[PDB]
Ligand SMILES: Cc1cc(S(=O)(=O)Nc2ccsc2C(N)=O)c(Cl)cc1Cl
């Protein structure tokens, strides 16, 4: 029941500072432009210990399945090949991605009727807000 409040289908409703976050990550111009336009759906489900997060957009479709605390390989929407570990910290899903000696952290939390996603790369944060579809 660890992630019950995350389960469901979510639609992006607002974004702040995502272009700057993507720049800090190293995303190139054309990908930033096309990824920045998208309004992805995020579909979260749980089966036993396995959590699945799928993102459906006009830009890319991504999917990760994972067990908390257990490192996995991820191909990001911008085509980075990263090593990811996701844990629960005080009710927040904390997702760390490592690649090329770099690191970024994505936090997902429930706040009121929203699912709030905070992406941090060094000093730069982006906030992406989702509501139930
Ligand atoms: C490039 C990028 C995308 C995402 S994303 O919010 O998950 N957005 C997403 C997921 C599938 S398609 C799609 C999109 N914008 O088209 C994140 Cl968190 C971090 C980075 Cl660097």
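The first residue you see is number 1, and the count goes up from there.
The way this entry was determined, per its header, is X-ray crystallography, 1.1 Å.
Heads up, the Cβ atoms here are built off N, Cα and C, so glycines get one too.
Annotated in Swiss-Prot:
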- 3: N-acetylcysteine (MOD_RES)
- 14: phosphoserine (MOD_RES)
- 21: phosphotyrosine (MOD_RES)
- 23-33: motif 'Nuclear localization signal' (MOTIF)
- 128, 129, 130: fatty acid binding site (BINDING)
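Long-range Cβ contacts of residue 128 (fatty acid binding site) within its own chain (separation 6+, distance under 8 Å): 12, 14, 15, 16, 18, 116, 117, 118, 119. It is 26 Å from the Cα atom of residue 3 (N-acetylcysteine) to that of residue 21 (phosphotyrosine).
On a Cα basis, the residue listed as 'phosphotyrosine' lies 18 Å away from residue 130 (fatty acid binding site). The Cβ of residue 129 (fatty acid binding site) has 15 neighbouring Cβ atoms from other residues within 10 Å, across all protein chains displayed. The C-beta environment of residue 21 (phosphotyrosine), restricted to residues of the same chain at least 6 apart in sequence and closer than 8 Å, consists of 119, 120, 121, 124, 125, 126. According to DSSP, the motif 'Nuclear localization signal' (23-33) comprises 8 helix, 0 strand, 3 coil.
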